[PDB]
Amino acid sequence: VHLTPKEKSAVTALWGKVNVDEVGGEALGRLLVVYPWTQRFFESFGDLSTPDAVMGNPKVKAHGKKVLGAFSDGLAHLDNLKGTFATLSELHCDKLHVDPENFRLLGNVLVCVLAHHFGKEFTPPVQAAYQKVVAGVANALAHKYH
Amino acid sequence: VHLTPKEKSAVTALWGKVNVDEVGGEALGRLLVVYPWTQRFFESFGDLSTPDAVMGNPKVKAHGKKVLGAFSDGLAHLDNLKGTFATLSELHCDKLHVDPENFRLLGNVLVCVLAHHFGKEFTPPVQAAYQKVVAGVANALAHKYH
Amino acid sequence: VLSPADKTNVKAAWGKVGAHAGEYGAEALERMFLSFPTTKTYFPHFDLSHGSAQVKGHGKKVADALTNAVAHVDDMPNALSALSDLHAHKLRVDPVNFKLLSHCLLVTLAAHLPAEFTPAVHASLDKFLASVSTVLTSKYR
Amino acid sequence: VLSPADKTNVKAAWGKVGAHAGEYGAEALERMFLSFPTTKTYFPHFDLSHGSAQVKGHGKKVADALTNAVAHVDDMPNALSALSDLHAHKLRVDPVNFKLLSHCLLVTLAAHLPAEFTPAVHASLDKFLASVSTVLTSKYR
Ligand code: HEM
Ligand code: HEM
Ligand code: HEM
Ligand code: HEM
């Protein structure tokens with residue numbers, strides 16, 4: 001995915017200020033809260049009953065760092081997102097059976113988290129760019145099911 | 001997409017028994033009644049107010065044969081649905097701006113119409129195969145946006 | 001949201017199903033299991049071959065539940081509340097699967113009652129099924 | 001279908017918006033137009049540059065339409081009745097765009113009211129917005 005250099009410059013400066021220890025856990029955590037059927041793919045994760053229990057759960061926070069890790073990986077090779085995720089799509093699709101919609105949702109809860117985190121800094125043009133990014137990770141995470 | 005040979009025998013046989021003059025305008029016609037926002041892409045078709053207007057509308061039956069001609073084409077080159085529709089997708093996606101969910105929907109109303117027409121003949125395994133077809137047509141028609 | 005025309009079109013179409021409910025609910029499930037294999041995973045304790053007693057018995061339950069939703073159509077959340085506890089909190093069913101069974105249910109209806117499946121009645125039924133799906137997938141306790 | 005918890009979480013959160021209504025409704029639309037350009041096609045008669053008086057004016061109405069909906073939340077189809085004829089019948093808006101504005105509306109609120117945007121209130125707001133989006137997109141006359 002190709003983003004115009006004014007945007008590209010801004011999506012790296014924002015990711016730089018990212019707490020590479022909490023945001024990932026808020027994304028996946030909010031996913032399991034806002035869309036309850038996502039909890040079904042995380043049975044081996046313990047207590048998920050209350051939103052506080054989903055947030056405070058160590059496994060949510062632990063998994064969330066690797067998920068965020070993939071986005072950083074995809075943010076660096078934004079020229080070929082389909083390749084870097086070619087293996088991720090096999091694990092999630094042809095094996096784990098995650099419906100393609102849940103990919104756009106997590107990508108969008110993540111967008112909501114960056115907004116929660118940055119406030120006014122997460123301006124409309126900085127969102128617009130991140131959308132192209134999270135849309136791209138999704139369209140690349142569903143590559144081996146399409 | 002590949003169909004197991006019992007299914008491939010049935011799908012071609014069923015399409016042989018199809019009225020290449022009506023079913024197409026019924027599929028496209030039911031798309032504009034069940035999901036009335038699709039009516040938007042058709043201002044140059046006139047009266048589409050009541051379901052009777054939509055079905056009896058000549059442009060609907062006319063355009064419907066062409067849409068049916070698209071499936072027919074892809075049913076033959078079921079080895080590379082992606083290439084045959086590589087042209088169709090440019091028109092619908094990057095130009096006509098049709099959201100990909102509508103491609104999943106048209107292919108499902110078609111499945112409903114085949115069912116409507118064939119009754120008992122459109123059996124669960126015949127549906128099971130026709131789903132893979134119409135989904136493949138969709139995944140190929142949305143290739144120029146995905 | 002259902003129109004006054006939607007509500008009656010369903011009542012008169014599901015009325016024509018009548019005694020054939022369990023049979024239709026059964027065909028819809030099998031169509032769904034064959035057509036969309038990922039749906040089988042929600043039923044791991046089930047006997048999933050053609051002519052299963054389980055899916056023939058489940059189909060009556062599914063069809064009867066939908067018959068209850070035709071009965072109490074102006075108040076489906078109140079009617080289907082033990083069913084939402086089930087599908088939303090207990091089973092955590094993905095709403096995509098509801099689109100699938102709803103599609104196979106329309107196909108079944110299209111296969112069996114050709115004179116009832118007018119574009120208008122197809123419209124109303126899709127809408128009706130989309131509404132029971134919302135309820136059953138939503139946690140409103 | 002909204003829960004007793006949803007109903008009040010939306011009332012308590014959209015309440016902290018208050019006087020900030022039109023400003024947010026305007027930022028929401030802007031965030032949508034920029035992030036998703038295909039939504040501009042629904043507004044040809046509109047002044048779409050940053051700071052536009054129409055967008056900022058539409059934003060007050062969009063935002064008041066939602067406040068109206070938070071007022072009659074227990075009976076949204078009857079309230080937004082005038083609005084459904086507009087977006088369902090007249091405009092023929094694809095429900096996907098509603099998903100987009102709903103998302104941008106959450107992003108705006110996430111950016112502005114961080115103390116209100118708890119996992120709980122987010123969940124409740126997504127459901128609320130999904131509910132008005134169904135009403136506005138369905139033909140129920
Ligand atoms: C937006 C795209 C997503 C990204 C970037 C992502 C990323 C990741 C990464 C990096 C891993 C760890 C790699 C590994 O251990 O093999 C992973 C594992 C996993 N993901 Fe995702 N994922 C995404 C969406 C989802 C969704 C929507 C679900 C389910 C609702 C899901 C369910 C899982 C599960 C079940 C695992 C295996 C570990 C476990 O839970 O036991 N992922 N994902
Ligand atoms: C299963 C996916 C679809 C197939 C097989 C299909 C096929 C076709 C074909 C073969 C043509 C005519 C060729 C040409 O004009 O060059 C066409 C044109 C067009 N299609 Fe589709 N289409 C699909 C989905 C859609 C959807 C979902 C909509 C509406 C949202 C749509 C709206 C149109 C329109 C408006 C035209 C232009 C012709 C006119 O001026 O009326 N198509 N489509
Ligand atoms: C048209 C929508 C649906 C209706 C009205 C419906 C109705 C029902 C009813 C009445 C039961 C029997 C539960 C009982 O009373 O003991 C049930 C159980 C169940 N349903 Fe559904 N259901 C619907 C959709 C779905 C979908 C689409 C799935 C997922 C593929 C699903 C999965 C299940 C499961 C896994 C159970 C529990 C199985 C069991 O009772 O042993 N349902 N459903
Ligand atoms: C959260 C959902 C939405 C709400 C509550 C909302 C509310 C409204 C309201 C209050 C009006 C003003 C009309 C008037 O009084 O003259 C309106 C107009 C309009 N809306 Fe929406 N809207 C929503 C979503 C959308 C979406 C997603 C689109 C399409 C991208 C859209 C397109 C329009 C258009 C084209 C108009 C007419 C503009 C005009 O009045 O000149 N709306 N909407």
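One-based numbering along the chain as shown.
Header lists the method as X-ray crystallography, 2.1 Å.
The backbone N, Cα and C atoms fix where each Cβ goes, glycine too.
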>> Need one residue: from B:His143, B:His146, the one Swiss-Prot lists with B:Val1, B:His2, B:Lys82 for (2R)-2,3-bisphosphoglycerate.
In response: B:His143
> Can you tell which of B:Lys17, B:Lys65 Swiss-Prot marks as glycation site?
Replying inline: B:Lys17
> Can you tell which of B:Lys61, B:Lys120 Swiss-Prot marks as glycation site?
Replying inline: B:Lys120
> Based on the annotations in Swiss-Prot, which residue of B:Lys66, B:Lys132 is described as glycation site?
Replying inline: B:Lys66
>> Within 10 Å of B:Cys93 (S-nitrosocysteine) (Cα to Cα), which of the recorded positions B:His2, B:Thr50, B:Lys82, B:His143, B:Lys144 do you find?
In response: B:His143, B:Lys144
> Given the modified residues B:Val1, B:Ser9, B:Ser44, which one's Cα is the least distant from that of B:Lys144 (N6-acetyllysine)?
Replying inline: B:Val1
> Here are some recorded positions: B:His2, B:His63, B:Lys82, B:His92, B:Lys144. Which one has the most Cβ atoms within 10 Å of its Cβ?
Replying inline: B:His92
> Tell me, how many other CB atoms lie within 10 A of the CB of B:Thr50 (phosphothreonine), whichever protein chain they belong to?
Replying inline: 12
> In whole Å, how far is B:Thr50 (phosphothreonine) from B:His2 ((2R)-2,3-bisphosphoglycerate binding site) when you measure between their Cα atoms?
Replying inline: 40
> Given that the record lists B:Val1, B:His2, B:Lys82, B:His143 as binding (2R)-2,3-bisphosphoglycerate, what is the largest C-alpha to C-alpha distance among them, in Å?
Replying inline: 18
> Just the number: how many Å between the Cα atoms of B:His63 (heme b binding site) and B:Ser44 (phosphoserine)?
Replying inline: 12
>> To the nearest Å, how far is the Cα of B:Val1 (N-pyruvate 2-iminyl-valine) from the Cα of B:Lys82 ((2R)-2,3-bisphosphoglycerate binding site)?
In response: 10
